Amino acid sequence: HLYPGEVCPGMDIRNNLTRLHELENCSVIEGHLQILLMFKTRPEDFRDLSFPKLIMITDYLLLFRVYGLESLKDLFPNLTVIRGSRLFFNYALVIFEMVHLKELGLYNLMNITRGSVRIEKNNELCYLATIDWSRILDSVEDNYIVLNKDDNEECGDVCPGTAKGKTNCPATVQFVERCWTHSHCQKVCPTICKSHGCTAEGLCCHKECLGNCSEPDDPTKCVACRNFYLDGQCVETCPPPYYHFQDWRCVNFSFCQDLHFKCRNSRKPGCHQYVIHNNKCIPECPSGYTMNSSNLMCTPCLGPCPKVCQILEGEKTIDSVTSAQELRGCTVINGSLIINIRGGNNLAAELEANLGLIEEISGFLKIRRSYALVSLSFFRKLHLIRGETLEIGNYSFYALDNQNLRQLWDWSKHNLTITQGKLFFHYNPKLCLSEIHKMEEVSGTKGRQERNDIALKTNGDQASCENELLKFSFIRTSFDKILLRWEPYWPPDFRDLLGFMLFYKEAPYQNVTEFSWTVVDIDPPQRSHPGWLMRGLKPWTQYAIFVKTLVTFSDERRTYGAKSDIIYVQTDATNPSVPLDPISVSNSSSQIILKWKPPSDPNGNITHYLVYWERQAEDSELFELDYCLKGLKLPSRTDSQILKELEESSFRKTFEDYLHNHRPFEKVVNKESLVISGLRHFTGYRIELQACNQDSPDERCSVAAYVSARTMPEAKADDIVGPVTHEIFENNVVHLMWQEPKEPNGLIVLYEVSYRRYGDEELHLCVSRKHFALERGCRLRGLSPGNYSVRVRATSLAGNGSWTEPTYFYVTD
Amino acid sequence: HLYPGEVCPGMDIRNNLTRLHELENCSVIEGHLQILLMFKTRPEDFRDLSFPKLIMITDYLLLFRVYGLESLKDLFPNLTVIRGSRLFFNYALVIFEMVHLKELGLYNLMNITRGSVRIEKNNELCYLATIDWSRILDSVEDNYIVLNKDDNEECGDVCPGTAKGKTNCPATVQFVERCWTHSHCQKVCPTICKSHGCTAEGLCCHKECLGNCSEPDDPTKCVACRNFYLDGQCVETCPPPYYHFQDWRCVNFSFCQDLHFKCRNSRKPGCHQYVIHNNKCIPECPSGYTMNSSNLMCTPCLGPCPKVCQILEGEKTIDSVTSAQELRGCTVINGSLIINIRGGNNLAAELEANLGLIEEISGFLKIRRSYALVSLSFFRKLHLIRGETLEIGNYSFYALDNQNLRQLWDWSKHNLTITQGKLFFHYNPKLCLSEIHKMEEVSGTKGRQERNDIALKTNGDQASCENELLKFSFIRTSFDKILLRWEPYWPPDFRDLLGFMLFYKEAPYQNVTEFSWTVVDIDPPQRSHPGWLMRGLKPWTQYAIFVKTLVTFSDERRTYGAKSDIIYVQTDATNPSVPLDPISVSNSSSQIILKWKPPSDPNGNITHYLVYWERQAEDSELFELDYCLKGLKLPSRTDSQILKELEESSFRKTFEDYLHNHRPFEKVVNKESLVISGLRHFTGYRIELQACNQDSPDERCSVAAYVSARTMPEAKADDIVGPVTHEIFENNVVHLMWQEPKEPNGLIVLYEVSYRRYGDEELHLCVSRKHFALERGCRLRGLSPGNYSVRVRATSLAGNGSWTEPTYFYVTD
Amino acid sequence: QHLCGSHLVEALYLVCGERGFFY
Amino acid sequence: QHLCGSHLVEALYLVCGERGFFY
Amino acid sequence: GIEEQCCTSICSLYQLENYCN
Amino acid sequence: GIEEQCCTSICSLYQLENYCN
């Protein structure tokens, strides 16, 4: 009970009605259900077509271009729950381009567990606005219902009750009625039970039901199982000895074992070798687990445990990265590989990531027209070619037309065995016979090769596999250039030497292993050690250099030549560049902070920065000029864009390439910020800054980077000190005496005197330095007699000072 | 007169004072003047350093990092005009990082003809805000004066007159004074003369002067020449027999000829082979002109006339595009070329654009480690290698380590001669000896080659130069697949055949020469015509196919093999795709416009579109339902973004890959827009649209693309026709008869009657179709007696109609 | 590429036809 | 690359020096 | 078989000649 | 000459050996 019919897998019914009858009996579909591409079907064919026993769908339901179908109210009257275990592009119910479809009709669809619904391009579909997706879908924000007949209002969606007062089922959110068809309306359960379902009477179903039930509060009288199905009863979890299967039912070990048995051999494509783990008949053991053949349990494995991967007919071509991504992690391959990589970006390392775990090949390994492969080192773990599946001619290794192949494997550090078959190397220009013969010795295939199987005149050709050695003799360098010499190597026939070849590159790290390389060709010595003089090298840089000879293949035995070992030579250090971006900021009367960044060209390691600061005296004209004369200034010291960008950058770069060849100072060590102490208040300071990479042994380093700053002035340094003495002689001639602010902010440009008789107005008058020095102050004249007031303010470079306390004087009448 | 001193060229004075004295006599610099990188210089050195005779500068003046220099008021007191013929990065006066420089001092600088002024990073420079660039520079918007001592206000820029009332020279735009130094102020001419200059008195100079003059209105008493200088006189233009030179002076034919003579041989770097054209001693004849050696005139040349280009020591390396850009248009090269192109994007065509014009090479042509070059066809016009300059071993052609070289020149269509030297071909894997021997025959170098000069065992190796021919035997295609067969070719030793190789690609145009290709390997026939079956081809596409054999180099004479000719085969046509984006719009009661776009997969040529339109009757429920019942509806017919984009596009692509296998209609021919005629007003029409590529011979084509639209309703189709008859029986029972609008917009959903007694209020009442049919109208009841009014409005799908003319009725009391 | 279904039968129809195939 | 000026004299000093150069 | 040879993997023309009268 | 051989073009080490005592 609880599922009267059988269970069917998914199907892709198409182009004919002769396959829809496969749902004659089964009540649950363990997969998806696609009915699409129905061109010849007529509406008369669906009148007598129904599957009333269908209740449950695991993955999704899809409909696309079924001509003649009008509604699903007859197709799946009892379709209740769509789990959405596997979604069609995040959609659990797709109705796409269903011409002639008028209404959905799935009135028994209470719940869609996972996914959303995509209904689009349905120019005849009505009854879409009168459906409650919020009561069916947990989250409706992922829905997609557009381009239907309900987009432009043309549907008369009328469902029972409207003539009687929209009765026979309620409405909710506008409070529009929720209903499926013109004769069947949606059944909505009360909120007292979330999703357990309820009968038509109103009493809720059991917690283990889903949507509908025949008897309230009964796990054996439901219609769908919320968690799992067993013996006609919905259970919270599968009890032993039954395991969870497909996240919707419980089955015994026998069923999972038997399904795995059919998946072993008697099903070629796409079957799942179901395994038991966590009491679940999982299709495949998760990562870090292996299958124990005794009971199919996913027993944990220590370290990298085998991941056997099968191949379509045991022959897979790998012509790019995408084909290699499929074989990720496959320790053992039960098949054969075809490598036809004609190019790629950043290969032999990402390719190593994809294919570096293969330890076994059941068939043969093939490399064919692989233009971009320089070495087979990406087969980091390959150790045994079984040679069970072989090509025509019984070939296990088949290398052909490999233009850039230079080595197969580092035989000094690698092992490989081939059980059956013979090798084949043809048209491998950059790979010489030494590597092939070494592989023949290593793999034990020496006694299997016959005539023409190995090409003796198309392989070891343009290959650089010199057997002898070149020893460098004289190497001593400079800051910009490096001198190199080596022993003069001569082949047995001195006419055979075409010259030498020198390779170098910038190698900050010594992890250089040949296969960027700047190449220099050198004529042979005139029968005097040959060498080259490098010229454009950056100072303080590590260069990897090796020398390879260039000989000619003689008609007699080939002279391989000699190549030097890869040596690392470091250029000398020189004067560093200007320390870029020097900024000085004043935050105190005696403290200024100096900030800078390391130079763009250290030309070594910056041992210490050298800083010079020199006091700048104030301008001479500030001492003998009257600043209250008519006309005065107060000395108050403190693709269009691309074309400009490239021109300005080139302008900056032009000057940057030009510069390449007793005062208080200090040495800043390993710091790029500095603050100076013991500075006079409000004084412009000239700062000369230098980066330096050597201190004691005849120091030589960069040119000065100049910047200037002025310290902050004291608030009360400009205040007038001493009494404001007044004096007259006879005729109301005021003679104001006052002491200077001996320590001003820079200097005192001028003085101003404000005087006002008792109750009268105030008049302003300046005092200049020349006037002040000659007059020892000021001499007022031409003012009325009586009692007055005197206020004095001192003006410095920082600004106007504080007015002195008012002083009064009374003159003789 | 007018220039007492001599004329000097430009110079780059640097690092010492021992070169500044070169300006002891000359008054005009024919070039630029750079004084920079003065580290050891002291301020005492510039006290007694002056060049009072310097007046004129052609290109620009630059100063950069000159330590100890304080002002230029003593350096160039009489510097008057800077032409700016050649600018330093669009700047005619650069003062950059001029440390210790306080003020400019160039008080005699009236005019800067071209360019702008860039003054920057001058922490001691004052007197920058008090300068009038508008009176010196025609356009000042390109200036750059930042990061100086005048940026932050710290300069006491005071110049004569301030103590006397800013006198001795005026001010202009704030109206701030314009002045150069503390003792010299700027001299500004009145606006009555634009730039001709004026004396200190005020009278203007001659039109041919520039800035200053000793005698007003005198071309022979100026200081600089506005247009040209001759015999100590400023002239508007150079009279014969003198030619314009350097755009500033006039010289005779003798001077230009002599300068060209020194430039011929007795000057290695930087000379210009000055020529006479348009009465101007121009450095080089412009495009489309050639030099006649008799009088050096730029006589016009017909067609491409020679452009001889010299090379540094006659040996230039071309390792990229940039090096090739230099030799653009060089018909004849007086040197030798080194080709070392290790790679590039879109080469052999742009490289042909740069180097396709060379017709002659004086020295030797060298190709060395040129990885990217597949052929030398970019030397489109090369015909003769002079071979006067040769390398060690006397080599004119030196090809070495050319991994991808396959073809030198099409000797059936190309000619080449080498006068001296011998060829050298080593390590050219993809180039066989046939091409080398053909070049030896063509160039007449057969008798010059000796032993080991030509490599017989490193060249013709992996080369595809099959001499025989393969003939295709059986070729018949389909819409998706193409079958191919060819004659079974067997080498003299049948064991030598490794198999066949098939190349194909999409070739819409037949300009394919195999010089990108999907390769297929085919086993040899079992001693039965060998062939392949293409499987993934697009319908209606032209494919270029040729078959190349794969043989093995025997120890005996090499078997070259056979390759088929490049044949072009076209796939058959099939059903087209859905016509994308169909849109229907109604603009009239009988006219609807249908618009669509061609399908994404025409699968041929779209001969005609097939359009079906079918009338859709209104819904049945609209006839037997009352629409004024309580509860009613009016049937008023009418990386987050990337993830969704890829998923939606894949969703669209998923369905697009699924579909691949008596009503009024018409055939639209060569049109994508259509308007239908003879349509009933306000009727939903079902439009079925198809693209089609065959009409008469058993037509087969695409599936239908469905779209629906409804015609526009008539304004007065819903009007009530006929009189509104009223009737009563005894008890004030109104019996209203009125004729229907026989032709409505779709149908008449309901009628409403508005009645109001004379002076009373109005009450509304509906009439439903079932009520209207049963009662033949309406039957009012339960209203007061008296005289009333009757107004009738007919409601259709389009909307409410027009109220009928009111009718009155009086009932019996 | 891969061929089975309508593609396989039409491929057999393309290869043969002068004598016929059975499948 | 190219060498004449200070670069040329320092290059001669680099190549030789055990015996000396004149230039 | 036939379909086990042409869509499981790539089948040559000689293998298609084996499935003809 | 010397400068006419090392910055006009590229000079080999053997040519630099020619300019030494």
# chains A, B, ... in the order shown; residues from 1 in each chain; ligands from 1
>>> residues_around(residues="residue 173 of chain A", least_positions_apart="6", cutoff="12 Å", atoms="only C-alpha atoms", output="ChimeraX atom specification")
/A:129-135
>>> write_last_selection(atoms="N, CA, C and O atoms", output="compact mmCIF listing (two decimals), in the first residue's frame")
# COMPACT_ATOMS: atom_id res chain seq x y z
N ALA A 129 -2.26 33.17 -12.91
CA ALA A 129 -2.36 34.15 -11.84
C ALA A 129 -3.16 33.65 -10.65
O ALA A 129 -3.02 34.19 -9.55
N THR A 130 -3.99 32.62 -10.84
CA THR A 130 -4.85 32.09 -9.79
C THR A 130 -4.23 30.87 -9.11
O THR A 130 -4.96 30.01 -8.60
N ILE A 131 -2.91 30.77 -9.09
CA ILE A 131 -2.21 29.66 -8.45
C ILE A 131 -1.38 30.21 -7.30
O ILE A 131 -0.84 31.32 -7.37
N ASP A 132 -1.31 29.44 -6.21
CA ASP A 132 -0.59 29.84 -5.00
C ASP A 132 0.73 29.08 -4.96
O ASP A 132 0.81 27.96 -4.46
N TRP A 133 1.78 29.70 -5.50
CA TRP A 133 3.11 29.10 -5.44
C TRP A 133 3.71 29.20 -4.05
O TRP A 133 4.55 28.37 -3.68
N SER A 134 3.31 30.20 -3.26
CA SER A 134 3.81 30.32 -1.90
C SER A 134 3.39 29.14 -1.04
O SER A 134 4.11 28.76 -0.11
N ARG A 135 2.23 28.54 -1.33
CA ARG A 135 1.76 27.38 -0.60
C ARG A 135 2.35 26.07 -1.13
O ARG A 135 2.13 25.02 -0.52
>>> select_by_dssp(residues="segment 395-553 of chain B", states="strand (DSSP E)", output="number ranges by chain")
B: 395-400, 417-418, 422-426, 468-470, 472-477, 482-486, 497-506, 518-522, 531-534, 542-551
>>> closest_atom_pairs(of="chain F", to="chain B", cutoff="12 Å", atoms="only C-alpha atoms", output="JSON lines")
{"residue": "F:3", "atom": "CA", "partner": "B:268", "partner_atom": "CA", "distance": 11.5}
{"residue": "F:4", "atom": "CA", "partner": "B:313", "partner_atom": "CA", "distance": 8.6}
{"residue": "F:5", "atom": "CA", "partner": "B:313", "partner_atom": "CA", "distance": 8.2}
{"residue": "F:6", "atom": "CA", "partner": "B:313", "partner_atom": "CA", "distance": 10.1}
{"residue": "F:7", "atom": "CA", "partner": "B:312", "partner_atom": "CA", "distance": 9.1}
{"residue": "F:8", "atom": "CA", "partner": "B:312", "partner_atom": "CA", "distance": 5.7}
{"residue": "F:9", "atom": "CA", "partner": "B:313", "partner_atom": "CA", "distance": 5.9}
{"residue": "F:10", "atom": "CA", "partner": "B:315", "partner_atom": "CA", "distance": 9.0}
{"residue": "F:11", "atom": "CA", "partner": "B:313", "partner_atom": "CA", "distance": 10.8}
>>> write_last_selection(atoms="N, CA, C and O atoms", output="PDB file, in the first residue's frame")
ATOM      1  N   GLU F   3      85.145  52.790 -31.547  1.00  0.00           N
ATOM      2  CA  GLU F   3      83.762  53.202 -31.330  1.00  0.00           C
ATOM      3  C   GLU F   3      82.916  53.009 -32.582  1.00  0.00           C
ATOM      4  O   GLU F   3      81.695  52.841 -32.485  1.00  0.00           O
ATOM      5  N   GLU F   4      83.541  53.025 -33.760  1.00  0.00           N
ATOM      6  CA  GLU F   4      82.826  52.749 -34.999  1.00  0.00           C
ATOM      7  C   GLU F   4      82.509  51.271 -35.172  1.00  0.00           C
ATOM      8  O   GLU F   4      81.925  50.898 -36.195  1.00  0.00           O
ATOM      9  N   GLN F   5      82.882  50.426 -34.209  1.00  0.00           N
ATOM     10  CA  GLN F   5      82.654  48.994 -34.299  1.00  0.00           C
ATOM     11  C   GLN F   5      81.798  48.427 -33.173  1.00  0.00           C
ATOM     12  O   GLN F   5      81.293  47.309 -33.316  1.00  0.00           O
ATOM     13  N   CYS F   6      81.603  49.161 -32.073  1.00  0.00           N
ATOM     14  CA  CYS F   6      80.902  48.626 -30.915  1.00  0.00           C
ATOM     15  C   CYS F   6      79.616  49.347 -30.535  1.00  0.00           C
ATOM     16  O   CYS F   6      78.817  48.772 -29.786  1.00  0.00           O
ATOM     17  N   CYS F   7      79.379  50.569 -31.011  1.00  0.00           N
ATOM     18  CA  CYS F   7      78.063  51.173 -30.859  1.00  0.00           C
ATOM     19  C   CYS F   7      77.390  51.500 -32.180  1.00  0.00           C
ATOM     20  O   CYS F   7      76.172  51.702 -32.194  1.00  0.00           O
ATOM     21  N   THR F   8      78.139  51.568 -33.281  1.00  0.00           N
ATOM     22  CA  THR F   8      77.502  51.527 -34.590  1.00  0.00           C
ATOM     23  C   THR F   8      76.822  50.182 -34.807  1.00  0.00           C
ATOM     24  O   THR F   8      75.708  50.119 -35.335  1.00  0.00           O
ATOM     25  N   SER F   9      77.480  49.097 -34.397  1.00  0.00           N
ATOM     26  CA  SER F   9      76.911  47.756 -34.472  1.00  0.00           C
ATOM     27  C   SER F   9      77.309  46.937 -33.251  1.00  0.00           C
ATOM     28  O   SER F   9      77.779  47.491 -32.250  1.00  0.00           O
ATOM     29  N   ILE F  10      77.123  45.623 -33.322  1.00  0.00           N
ATOM     30  CA  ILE F  10      77.464  44.710 -32.238  1.00  0.00           C
ATOM     31  C   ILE F  10      78.836  44.119 -32.530  1.00  0.00           C
ATOM     32  O   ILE F  10      79.057  43.540 -33.601  1.00  0.00           O
ATOM     33  N   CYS F  11      79.761  44.261 -31.584  1.00  0.00           N
ATOM     34  CA  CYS F  11      81.120  43.764 -31.741  1.00  0.00           C
ATOM     35  C   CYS F  11      81.329  42.528 -30.878  1.00  0.00           C
ATOM     36  O   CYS F  11      80.947  42.503 -29.704  1.00  0.00           O
TER      37      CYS F  11
END
>>> residues_around(residues="residue 14 of chain C", least_positions_apart="5", cutoff="8 Å", atoms="only C-alpha atoms", output="ChimeraX atom specification")
/B:476-478,483
>>> calpha_fit_and_write(fixed="chain C", moving="chain D", output="mmCIF file with N, CA, C and O atoms, in the first residue's frame")
data_model
loop_
_atom_site.group_PDB
_atom_site.id
_atom_site.type_symbol
_atom_site.label_atom_id
_atom_site.label_comp_id
_atom_site.auth_asym_id
_atom_site.auth_seq_id
_atom_site.Cartn_x
_atom_site.Cartn_y
_atom_site.Cartn_z
ATOM 1 N N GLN D 1 32.455 12.622 -35.070
ATOM 2 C CA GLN D 1 32.293 12.256 -33.669
ATOM 3 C C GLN D 1 31.466 10.980 -33.514
ATOM 4 O O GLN D 1 31.642 10.022 -34.266
ATOM 5 N N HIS D 2 30.568 10.970 -32.533
ATOM 6 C CA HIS D 2 29.798 9.779 -32.202
ATOM 7 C C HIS D 2 28.574 9.659 -33.100
ATOM 8 O O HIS D 2 27.982 10.665 -33.502
ATOM 9 N N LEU D 3 28.193 8.417 -33.407
ATOM 10 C CA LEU D 3 27.085 8.142 -34.319
ATOM 11 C C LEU D 3 26.343 6.896 -33.856
ATOM 12 O O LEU D 3 26.849 5.780 -34.014
ATOM 13 N N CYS D 4 25.151 7.079 -33.291
ATOM 14 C CA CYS D 4 24.194 5.990 -33.147
ATOM 15 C C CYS D 4 22.805 6.580 -32.968
ATOM 16 O O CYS D 4 22.626 7.571 -32.254
ATOM 17 N N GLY D 5 21.828 5.962 -33.628
ATOM 18 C CA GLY D 5 20.494 6.520 -33.736
ATOM 19 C C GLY D 5 20.154 6.824 -35.179
ATOM 20 O O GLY D 5 20.455 6.026 -36.071
ATOM 21 N N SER D 6 19.522 7.974 -35.428
ATOM 22 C CA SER D 6 19.282 8.393 -36.806
ATOM 23 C C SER D 6 20.594 8.685 -37.524
ATOM 24 O O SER D 6 20.726 8.424 -38.728
ATOM 25 N N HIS D 7 21.575 9.226 -36.799
ATOM 26 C CA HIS D 7 22.863 9.536 -37.407
ATOM 27 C C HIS D 7 23.554 8.278 -37.918
ATOM 28 O O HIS D 7 24.132 8.285 -39.008
ATOM 29 N N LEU D 8 23.497 7.184 -37.155
ATOM 30 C CA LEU D 8 24.157 5.957 -37.591
ATOM 31 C C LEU D 8 23.503 5.388 -38.845
ATOM 32 O O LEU D 8 24.199 4.970 -39.777
ATOM 33 N N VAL D 9 22.170 5.355 -38.889
ATOM 34 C CA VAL D 9 21.507 4.766 -40.047
ATOM 35 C C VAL D 9 21.711 5.638 -41.280
ATOM 36 O O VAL D 9 21.919 5.125 -42.387
ATOM 37 N N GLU D 10 21.686 6.966 -41.118
ATOM 38 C CA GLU D 10 21.966 7.806 -42.278
ATOM 39 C C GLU D 10 23.432 7.725 -42.691
ATOM 40 O O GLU D 10 23.740 7.865 -43.876
ATOM 41 N N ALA D 11 24.345 7.470 -41.748
ATOM 42 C CA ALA D 11 25.744 7.271 -42.113
ATOM 43 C C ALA D 11 25.931 5.984 -42.908
ATOM 44 O O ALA D 11 26.701 5.949 -43.875
ATOM 45 N N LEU D 12 25.250 4.911 -42.502
ATOM 46 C CA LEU D 12 25.284 3.678 -43.288
ATOM 47 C C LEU D 12 24.667 3.885 -44.666
ATOM 48 O O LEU D 12 25.171 3.358 -45.665
ATOM 49 N N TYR D 13 23.570 4.642 -44.740
ATOM 50 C CA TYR D 13 22.983 4.979 -46.033
ATOM 51 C C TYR D 13 23.938 5.825 -46.871
ATOM 52 O O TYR D 13 23.915 5.740 -48.101
ATOM 53 N N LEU D 14 24.783 6.633 -46.230
ATOM 54 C CA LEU D 14 25.746 7.449 -46.959
ATOM 55 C C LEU D 14 26.908 6.617 -47.493
ATOM 56 O O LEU D 14 27.303 6.775 -48.653
ATOM 57 N N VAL D 15 27.465 5.733 -46.664
ATOM 58 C CA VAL D 15 28.617 4.938 -47.083
ATOM 59 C C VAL D 15 28.221 3.957 -48.180
ATOM 60 O O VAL D 15 28.876 3.868 -49.226
ATOM 61 N N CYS D 16 27.146 3.212 -47.961
ATOM 62 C CA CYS D 16 26.642 2.234 -48.908
ATOM 63 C C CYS D 16 25.439 2.816 -49.646
ATOM 64 O O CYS D 16 25.171 4.017 -49.592
ATOM 65 N N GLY D 17 24.726 1.968 -50.381
ATOM 66 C CA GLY D 17 23.537 2.406 -51.082
ATOM 67 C C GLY D 17 23.462 1.857 -52.490
ATOM 68 O O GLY D 17 22.373 1.585 -53.006
ATOM 69 N N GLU D 18 24.623 1.691 -53.122
ATOM 70 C CA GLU D 18 24.667 1.039 -54.425
ATOM 71 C C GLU D 18 24.348 -0.446 -54.311
ATOM 72 O O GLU D 18 23.824 -1.042 -55.259
ATOM 73 N N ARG D 19 24.656 -1.055 -53.164
ATOM 74 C CA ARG D 19 24.374 -2.461 -52.922
ATOM 75 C C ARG D 19 23.447 -2.712 -51.744
ATOM 76 O O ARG D 19 22.769 -3.745 -51.730
ATOM 77 N N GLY D 20 23.391 -1.818 -50.770
ATOM 78 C CA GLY D 20 22.439 -1.949 -49.687
ATOM 79 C C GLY D 20 23.074 -2.456 -48.405
ATOM 80 O O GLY D 20 24.087 -3.165 -48.412
ATOM 81 N N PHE D 21 22.466 -2.084 -47.279
ATOM 82 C CA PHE D 21 22.903 -2.512 -45.960
ATOM 83 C C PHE D 21 21.710 -3.064 -45.192
ATOM 84 O O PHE D 21 20.558 -2.733 -45.485
ATOM 85 N N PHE D 22 21.996 -3.911 -44.203
ATOM 86 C CA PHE D 22 20.950 -4.571 -43.430
ATOM 87 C C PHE D 22 20.781 -3.980 -42.035
ATOM 88 O O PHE D 22 19.669 -3.595 -41.662
ATOM 89 N N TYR D 23 21.863 -3.890 -41.264
ATOM 90 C CA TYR D 23 21.820 -3.436 -39.873
ATOM 91 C C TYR D 23 20.770 -4.201 -39.066
ATOM 92 O O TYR D 23 20.522 -5.382 -39.309
#
>>> residues_around(residues="residue 618 of chain A", least_positions_apart="2", cutoff="8 Å", atoms="only C-alpha atoms", output="number ranges by chain")
A: 616, 620, 622, 683-684, 746
>>> closest_atom_pairs(of="chain A", to="chain B", cutoff="6 Å", atoms="only C-alpha atoms", output="JSON lines")
{"residue": "A:153", "atom": "CA", "partner": "B:637", "partner_atom": "CA", "distance": 5.9}
{"residue": "A:154", "atom": "CA", "partner": "B:637", "partner_atom": "CA", "distance": 5.0}
{"residue": "A:637", "atom": "CA", "partner": "B:154", "partner_atom": "CA", "distance": 5.0}
>>> atom_distance(atom1="atom CA of residue 561 of chain B", atom2="atom CA of residue 319 of chain A")
27.5 Å
>>> residues_around(residues="segment 283-296 of chain A", least_positions_apart="6", cutoff="10 Å", atoms="only C-alpha atoms", output="number ranges by chain")
A: 245-246, 253, 256-257, 260, 271-277, 302-307
